[PDB]
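Chemist: Provided hereafter are the protein sequence and its experimental coordinates.
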Amino acid sequence: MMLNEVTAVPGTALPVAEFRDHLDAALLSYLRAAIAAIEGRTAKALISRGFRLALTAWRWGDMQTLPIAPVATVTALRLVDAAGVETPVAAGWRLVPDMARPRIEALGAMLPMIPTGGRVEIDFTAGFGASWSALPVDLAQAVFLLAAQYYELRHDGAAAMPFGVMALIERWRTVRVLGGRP
Amino acid sequence: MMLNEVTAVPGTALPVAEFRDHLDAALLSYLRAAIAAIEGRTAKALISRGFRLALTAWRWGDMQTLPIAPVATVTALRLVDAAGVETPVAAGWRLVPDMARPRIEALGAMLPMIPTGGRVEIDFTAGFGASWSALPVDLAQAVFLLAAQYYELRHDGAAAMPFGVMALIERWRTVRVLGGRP
Amino acid sequence: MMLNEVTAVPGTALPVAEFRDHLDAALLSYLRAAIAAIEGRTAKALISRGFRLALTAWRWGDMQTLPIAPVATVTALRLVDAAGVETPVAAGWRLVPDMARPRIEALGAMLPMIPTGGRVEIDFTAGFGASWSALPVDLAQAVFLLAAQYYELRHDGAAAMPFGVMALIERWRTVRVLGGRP
Amino acid sequence: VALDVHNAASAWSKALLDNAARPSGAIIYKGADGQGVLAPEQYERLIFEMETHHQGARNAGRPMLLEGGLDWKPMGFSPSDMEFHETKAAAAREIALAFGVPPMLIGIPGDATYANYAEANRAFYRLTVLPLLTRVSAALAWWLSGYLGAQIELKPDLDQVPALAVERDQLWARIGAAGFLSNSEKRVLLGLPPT
Amino acid sequence: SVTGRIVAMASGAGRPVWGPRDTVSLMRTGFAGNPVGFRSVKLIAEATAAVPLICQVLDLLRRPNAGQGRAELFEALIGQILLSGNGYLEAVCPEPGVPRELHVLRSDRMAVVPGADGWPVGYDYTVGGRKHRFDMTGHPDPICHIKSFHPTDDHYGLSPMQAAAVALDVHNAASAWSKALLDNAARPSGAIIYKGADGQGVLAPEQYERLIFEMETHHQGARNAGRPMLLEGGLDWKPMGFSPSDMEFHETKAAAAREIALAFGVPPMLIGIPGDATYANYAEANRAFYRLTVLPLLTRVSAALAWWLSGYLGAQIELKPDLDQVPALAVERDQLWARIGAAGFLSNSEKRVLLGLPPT
Amino acid sequence: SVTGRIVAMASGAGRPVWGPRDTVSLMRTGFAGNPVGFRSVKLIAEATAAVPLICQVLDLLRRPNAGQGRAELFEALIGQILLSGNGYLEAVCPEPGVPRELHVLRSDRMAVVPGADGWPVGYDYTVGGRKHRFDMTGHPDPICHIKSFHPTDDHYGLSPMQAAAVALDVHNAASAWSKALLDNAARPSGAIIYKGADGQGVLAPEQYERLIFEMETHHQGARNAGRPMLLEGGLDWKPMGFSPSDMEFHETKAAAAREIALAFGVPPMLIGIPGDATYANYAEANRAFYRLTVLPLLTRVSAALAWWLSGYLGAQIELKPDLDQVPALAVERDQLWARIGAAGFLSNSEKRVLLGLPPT
């Protein structure tokens, strides 16, 4: 399980013209330092970037929930071998769109099996929308409340409002209570 | 269970002329960052926007309460198959209007069954009213007490009045005490 | 188990032009004093430098997880003898890319055995990317929030913001709960 | 319901022995800051001095010198025995109550009701075996008599059952010691042919 | 018979209906895994092999084959009925009657095949990937199939082990709870906390070699139990405890070990399970053992031997357990002999017939 | 027999199927490692060697070879069946009948070889790297192989030790828990804390020599138990305790030591395990011992001696345990003699035959 992303965000899709109004190479260096700080706390994606979840063993036989939460259109399920013949499979599973648990529910059967050495990888385009105007606005507001902090103070210095950064991203974090075996 | 909304609010229905009096591209960017912050704490809708609850399995057989609370006029219950033949059904259930539990109570029978792969989806127009003058005024006041905070302070800085933002939205939040099995 | 690095970072790959904008021999002396402070807390590498893990006994027979977490392309597994005849082996194991546990899973067999005196060593190029623009931006932001502190205050003096240095590197640290026998 | 309690209270402890984390302790490493992880050069050292010198039966009591920042907080396991123990026995005794077996015969652990198996076995063959057998053999007697012509009776024989010997010997001692009536009159009281 | 034609097809005619499964995964964890499931089978199977049998073919039973003898055969036969609910017996017969050898075919490598009507057409002994395929389309029927009662299955029996398969998993794990806890657990007798002048500070190797030598020599062992241990500024001795010391799953391991004995039918006195006494003094614990779970089990195995072996010789034979030659029923036997012995009203020739003695 | 050809190949024909393994790792930790596994085997093997045997060849059994005698042979034979589940007997015979010597070949250095059909073709005694390779392609069959019952294996037996191999690992470790804890544990009687004028401060060697001499002489020992110990400014006496003092794994070591006795079949009264009483007064604990786990074990070993030694002389011989000459069955014997002794209705010549006496 790696989940490295395919393509980074272009920077033309980030609202550097809107962030300037709220407060270009230094402004855009602070939104994506605040987009990546909010996604890492909320396990979200916010810009619909492409990913590659390359994992070695399926956790269940009708599961392996995806960590990046808002998903749509799993592109492929490439089932590689050790030498890398790279034969993709095209049937057997279903992307089940769910903000709670984005999972691969399969089709009433065990998920595609993995060769000895050949790690199965999933490429999917997960996120809210391709632009900035497609986000939930409070999660878009939480980026501006954090990126304006990184702009207005440079080192780790000192200064809680009712709906702050933490109170706006408390409802996008993954609420999990299983530290168990399954 | 996704519940992505069909159409966003136009912005012509937001009271940017009234918010200015209480204190246009920067004012309207702060109400919907405070409308979406209050709806996410109260699970409300406030502007009667359209939704699509696309879920994979019915929780009960005379239930599946809807999360967005003030509902009216469930438009359709589209019961799709895996290939997407998209055949809507038109009978068997009742929208039961309730601010506590907006639920589909069915008609003395099990709810419409879901095909293997074909996720059932519900499109409904939930909210108080189509304009801003149809809201409860305290929930309209709580938006202005929050959006004037986002206007008057830009990063997560420091500063509780008797009826504040939290005391006005404490009576619209969903009071739930079931973390159980059903 | 030593893990000394093969080649240090050149300094041409460090963003001394970007660090200056955020705030050259004194600036670059403060990023790598803040890169090495964050890698030592997060057990990461951040610049894809080359390493040599020279250890004396394999902890398991299908394991020996690597400590530096983001790995790619284990170059060789040199299996030396006591006099140093230096015969590398080329088969039997698999690099399993995992941010959680970068491990050598073997190939359904015990890992290559070590001679009496001849310590087995692993050379691998672990890290995110060869440049600075390939990092996760919050881990790149945490370097700038720390290196601007080392710039702006010289001795151990006095001064916590919501996403500070510690809140940004809390999600890259190795979360371990085994102080046991295996 | 008593089966569903005895199945689940026994599968309570089956699961609890298969998915439960007790530690013997925890070596808390806060560090110089409020939090701080310890390096892989220090985590390999901390395991080797915990595996070799501090774990096992042969290391039960090593002093475990703790530096600045390190700390050993020993965890307990406070409910150790008896997870649904007297409810599993109370359910297992309500199962035996329904079928009619006394709890002595199957071995359910409980306050003794019968004394010494001479009356636990005698109550078993009198309350829930011989009433059950005299209804099955009586339906065999009527149904099989619809096949041959003559009506037939077919009932349990108490004489050839070793559990009723404590019933039988106090009968034979009752009219055996009754010497006032004659010998041919006490053979007929026991079911013996007079000679 | 009529339901023969309708239940056979509904199961798959002419194909092997394999065993219930998990029987091996219970034999190696419930008969070779814990002593309570081990001893309970070995107590019953060595009891049924000890009770003599009377004929109302004995040279076949007293010497079956070149290996296992009369007592080794029934230890092997009942040890399959108690483990898997099914007892099998191969007979080889060069002669047209009274077969030469009896072999207990083990039941986990044996499956039925139902066939056309009712009773099965053969049995498949599958070891590795090779099957034998016995035949039952004849009179002598070379495999005897002794079954325990199974209310839902038509072709196999229910092992008392399958009933107590959770109580075996509790007694295996609660005993492997304490095996592990004695092998991976850190208790210290204490901890010498060295904070230092700062909030934290390690102590030098010149000081760590001194601190061990004064802890090894002067403060550890039985011969140093109570040394004062002067503590300077900064040093501290916080003695650790071990608060649950005894009894990690102790009354649940005994409660599980008593539910294993409840399923097989052994009383807890005979194997030695520690519990509230039920029977008194082994004269009635052994008498209840040979009456509730040995002699009912032996009178079903010998009755299937009596019918199956009578298909080889011409005359129908009966073969049932002999209670007279079993020392556990002496407390039954002496209160019988004292009942009609003290009954002096009937004659001497009339009380010999009440005991099973020939009148003279 | 027919399954002979199909189970033999599925196991590997003509190659040695070695022992189960771990038998040695149980002999040196469960027979020489703890007393409960030690005494339980030595109690049974010295009981089976004490019961006399009757012939229904005795000079062979009373003097097998130049070393071990009649009682030393059966202590060595049953001590292999209880430890490894397999008893082996070599016989050397210069004469064509009734062999001269019997040798208990130890079972952990012995493996079977299955061969072509059914019963094994030989046995391999492998010490070091040298094998002997016995042969069974003949009638007298020089190795007797007494087996305990094994439900899943075809060629070996199950040691009661393999069943209780976790209960041995708990009784070894809980006893080595307290062995270690008495050898590496620091309890102090107290600690004289010297913080000093600062937050920390050591005390000088001129003051540390004074503090020892007033602690050694005036405050330690039995003769100084209660001295006031005046404490100045800065000094402090914090007395340490030792909170779990007794009973470190005490009722789990006894519960494990009772599950070892449960597997071998010894009652806990005979070896002295401390537990709730099951039997009453040793007249029934010894009688249950010679009836549940000694005489069933001896009637299987002597029955395999009776068949194997009858392959050397011409006539088939029977050789079974004699219950009459065993002092543990006197409580069985006296209630027999009082049963038909008090039965005065039958004659004198009819009650001599009920006891096994010759009528005169």
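Modeler: Looks like it came in fine. Numbering: from 1, shown residues only, chains lettered A, B, ... in the order given.
Chemist: How much space separates residue A:157 from residue B:155?
Modeler: 12 Å (Cβ to Cβ, to the nearest Å). In short, each C-beta sits where N, CA and C put it, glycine included.
Chemist: now residue D:154
Modeler: Counting by Cβ to Cβ, the separation of residue D:154 from residue B:155 is 97 Å.
Chemist: got the contact list for residue D:161?
Modeler: By Cβ atoms under 8 Å, 6 or more residues apart in numbering or on different chains, residue D:161 lies in contact with residue D:125.
Chemist: give me that answer again for 6 Å
Modeler: Not one residue lies near residue D:161 by Cβ atoms under 6 Å, 6 or more residues apart in numbering or on different chains.
Chemist: likewise residue A:106?
Modeler: The contact partners of residue A:106, taken as Cβ under 6 Å, 6+ apart, are A:62, A:93.
Chemist: again, 7 Å this time
Modeler: Contacts for residue A:106 (Cβ atoms under 7 Å, 6 or more residues apart in numbering or on different chains) come out as A:62, A:92, A:93.
Chemist: would you list those in a markdown table and tack on secondary structure, distance to residue B:39 and neighbour count?
Modeler: Formatted as a markdown table, the contacts of residue A:106 follow (DSSP: H, G, I helix; E, B strand; the rest coil; distance: Cβ to Cβ, whole Å; neighbours: other Cβ atoms under 10 Å in any protein chain shown):
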| residue | secondary structure | distance to residue B:39 | neighbour count |
| --- | --- | --- | --- |
| A:62 | coil | 34 | 15 |
| A:92 | coil | 39 | 14 |
| A:93 | coil | 34 | 20 |
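Chemist: quick one: which of the residues you listed is nearest residue D:42?
Modeler: residue A:62 (41.3 Å; Cβ to Cβ).
Chemist: Find the nearest non-adjacent residue to that closest one, please.
Modeler: Of all residues not flanking residue A:62 in the chain, residue A:106 sits nearest, at 4.6 Å (Cβ to Cβ, 6 or more residues apart in numbering or on different chains).
Chemist: neighbours around residue A:10, how many?
Modeler: Residues near residue A:10, counting by other Cβ atoms under 10 Å in any protein chain shown, number 9.
Chemist: Likewise for residue A:75?
Modeler: Other residues within reach of residue A:75, judged by other Cβ under 10 Å, total 15.
Chemist: quick revisit: which element is the residue nearest to residue A:62 on?
Modeler: Under DSSP states H and E, no helix or strand contains residue A:106.
Chemist: how near is it to residue B:57?
Modeler: Noted for residue A:106: a distance of 14 Å to residue B:57, by Cβ to Cβ.
Chemist: ok, residue A:157 and residue B:155, which is more surrounded?
Modeler: Taking neighbours as other Cβ under 10 Å, residue A:157 and residue B:155 compare with residue B:155 leading, 22 against 14.
Chemist: you'd agree that one is up against residue A:147?
Modeler: No: taking contacts as Cβ atoms under 7 Å, residue B:155 lies outside contact range of residue A:147: 8.7 Å.
Chemist: can you tell me if the longest helix anywhere in chain A touches chain B.
Modeler: Determined from DSSP state H, the single longest helix within chain A is helix A:25-42. No: using Cβ under 7 Å from any Cβ of the partner chain, helix A:25-42 stays clear of chain B, with a minimum separation of 10.7 Å.
Chemist: if you skip the residues just before and after it, what's nearest to whatever residue of chain A ends up closest to chain E?
Modeler: In chain A, the residue that lies nearest chain E is residue A:181 (14.5 Å; Cβ to the nearest Cβ). Distances taken as Cβ to Cβ, 6+ apart place residue D:19 nearest to residue A:181, at 5.5 Å, with adjacent residues excluded.
Chemist: burial count for the residue of chain A closest to chain E?
Modeler: So residue A:181, with other Cβ under 10 Å, has 7 neighbours.
Chemist: And it, how far from chain F?
Modeler: Plainly put, residue A:181 is 22 Å away from chain F if you go by Cβ to the nearest Cβ, to the nearest Å.
Chemist: what's that residue sitting at in phi/psi?
Modeler: The phi/psi pair for residue A:181 (degrees, to the nearest 10) reads phi -80, psi -50.
Chemist: Tell me how far the residue in chain D that chain C sits nearest to lies from residue C:106.
Modeler: Closest contact between chain D and chain C, by Cβ to the nearest Cβ, is at residue D:40 (3.5 Å). With distances taken as Cβ to Cβ, residue D:40 is found 21 Å from residue C:106.
Chemist: Centre-most residue in chain D?
Modeler: In chain D, the centroid-proximal residue (Cα atoms, centre = their mean) is residue D:108; its distance is 4.0 Å.
Chemist: give the contact list for that residue.
Modeler: Counting by Cβ under 7 Å, 6+ apart, residue D:108 makes contact with D:89, D:92, D:93, D:96.
Chemist: What about the one residue in chain D that gets nearest to chain A, how many residues nearby?
Modeler: Distances between chain D and chain A by Cβ to the nearest Cβ are smallest at residue D:19, namely 5.5 Å. By other Cβ under 10 Å, the residues close to residue D:19 number 10.
Chemist: Let me know the secondary structure of it.
Modeler: Following DSSP: H, G, I helix; E, B strand; the rest coil, the label given to residue D:19 is coil.
Chemist: for stretch D:184-191, which positions count as buried?
Modeler: Using 16 or more other Cβ atoms under 10 Å in any protein chain shown as the test for burial, stretch D:184-191 gives D:186, D:187.
Chemist: what's next to that stretch, contact-wise?
Modeler: D:172, D:175, D:194, E:345, E:346.
Chemist: For residue A:58, grab the count of nearby residues.
Modeler: If you count neighbours by other Cβ under 10 Å, residue A:58 ends up with 17.
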